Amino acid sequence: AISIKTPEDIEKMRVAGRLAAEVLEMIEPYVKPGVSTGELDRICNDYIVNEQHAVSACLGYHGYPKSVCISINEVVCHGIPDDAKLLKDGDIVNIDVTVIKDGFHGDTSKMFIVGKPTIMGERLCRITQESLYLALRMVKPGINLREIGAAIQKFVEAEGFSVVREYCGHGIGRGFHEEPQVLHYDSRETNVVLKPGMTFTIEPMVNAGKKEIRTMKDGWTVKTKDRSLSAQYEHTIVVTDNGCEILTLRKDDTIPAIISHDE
C-alpha cells in the first residue's frame, strides 16, 4: 500500500526536503568544540519555526521532547539535545532534521566531525555516507528494495563495520513514516518493486564494532552495546522514470541530485 505522489505532491516534497537540508547547512558554523547540543536544538527550532515557517516532525512524536535528534559517538540514534552535553574535539555527531511544510515531510541527517578528527571516526563516517550513496545509485523503477539492502550490508561488512537491524528507512509524505520499510540489510521478507512517484528515505546506521544496540533508561537514547562508534546519513528521494531524484541534497553532498540510468 505505497502511495504514488502526484507531480504537485512531489513539488511540495521538494520544498520540504530543501528546508530540511537547509537546516543542516545553517547549523554547520555552530557545530564547534564547546557548544551544547541543547543550544544547537534551539537554533534549529528557531530557524524552522521563525524563518522557514515550518514545523519539526520530531517534537511531541511519541512524546519526544526536542526538535531535532542529536547523537554523539557511541549514541546510535535518538539522542536528546541537552544544555549540559558539550561537543568536543574528535566527536562525531549526527543531526537528524525532519520538517513539515505545506503538509509534506522532508527528512535528512548527516554527520559532523568536531574539531580535529579521529581517523577511525572519519573512516566510519565516510563508509556510512558511501553506503548511502551506493544505495541511491541503485534506485530506479523495477529494482527491488531487497537488492538495495543486501548491497548496503555487503559494502559495510567488508569494511569490518556492521549495520543496525532495529531501524530502517521509510516511506514519507503527509506522514513521517509511511510504507514501505527500507531495511539496510538483506531479508527474505523484503519484496518491494520500485515505481516512479514513490518517496522514501535511505538512512543506514553503521557501527564500527558489533551490530547490537541498547536503549538507555531515559527511554530514548540508543547506544552501541559494545560502546563502539556509530554513524548515520539520511536522504529523502523520489523514484523517477529513469532513476531517482534526491530531495534533501546539500552543497556538501558529492552525488548528483538527479540520477539517470537511461542512455
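In this text, residue numbers run from 1 along the sequence as written. Think of the rigid core as the biggest set of C-alphas that the two forms share within 1.5 Å after superposition.
- For the pair 226 to 234 and 213 to 221, rigid core superposition yields a higher RMS C-alpha distance in 9 other deposited structures of this protein in 213 to 221.
- Per-stretch averaging of Cα B factors for 156 to 164 and 93 to 101 places 156 to 164 on top.
- Remark: stretch with higher mean C-alpha B factor among 231 to 239 and 44 to 52 is 44 to 52.
- Highest CA B-factor among the listed residues (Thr128, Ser71, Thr108, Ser187): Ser187.
- For the set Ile202, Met205, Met26, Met198, the maximum C-alpha B-factor listed in the entry falls on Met198.
- Placement of the Cα temperature factor of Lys225 within the chain: highest third of the modelled residues, per the deposited record.
- Split the chain's modelled residues into thirds by C-alpha temperature factor. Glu245 is in the middle one.
- Among the modelled residues of the chain, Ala21 sits in the lowest third by CA temperature factor in this PDB entry.
- The entry lists a Cα temperature factor for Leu86 that places it in the highest third of the chain's modelled residues.
- Sorting the modelled residues of the chain by their CA temperature factor places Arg137 in the lowest third.
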